[PDB]
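A.B. asks: When we follow the UniProt record's numbering, the leftmost residue of the sequence shown carries the number 89, and every step to the right adds one.
Here a beta-carbon is modelled for each residue, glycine too, at the ideal position from N, C-alpha and C.
Submitted below is the structure of interest, expressed as structure tokens.
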Amino acid sequence: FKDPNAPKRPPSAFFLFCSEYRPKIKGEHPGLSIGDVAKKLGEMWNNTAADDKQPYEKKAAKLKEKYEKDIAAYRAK
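Right under this line is the structure:
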């Protein structure tokens with residue numbers, strides 16, 4: 089069992105986006121394949137204007153500073 093500084097690890101950028109566009113499609117598609125889910129999202133995301141990706145990259149960047157804040161002592165260089 090290894091769980092000392094066990095902090096909170098964030099997901100990927102487009103992931104924070106998946107949860108957002110994951111119920112819409114999966115909603116109209118109650119039975120998507122992990123491939124379709126992530127692809128469809130990978131498609132919309134890819135299409136999502138860069139200026140629109142800001143909130144997501146930004147959100148992750150905010151909590152990132154807080155994360156690596158103490159994890160440094162944990163897994164690190």
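Would you kindly check if the distance between the Cβ of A94 and the Cβ of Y144 is under 7 Å?
C.D. replies: Against a cut-off of 7 Å, the Cβ pair of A94 and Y144 comes out as no contact.
A.B. asks: Using only the alpha-carbon positions, how far apart do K154 and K127 sit?
C.D. replies: Answer to the nearest angstrom: the Cα atoms are 30 Å apart.
A.B. asks: Note the first and the last residue of the continuous alpha helix (DSSP H) segment covering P143.
C.D. replies: Run containing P143: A138 to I159, per the alpha helix (DSSP H) assignment.
A.B. asks: Within the chosen definition, does the stretch 120–137 reach the stretch 156–165 through at least 3 CB pairs nearer than 8 Å?
C.D. replies: Counting Cβ pairs under 8 Å, fewer than three are found: no touch.
A.B. asks: Out of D158, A148 and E156, which one is the CA nearest neighbour of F103?
C.D. replies: The shortest C-alpha separation from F103 is found at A148.
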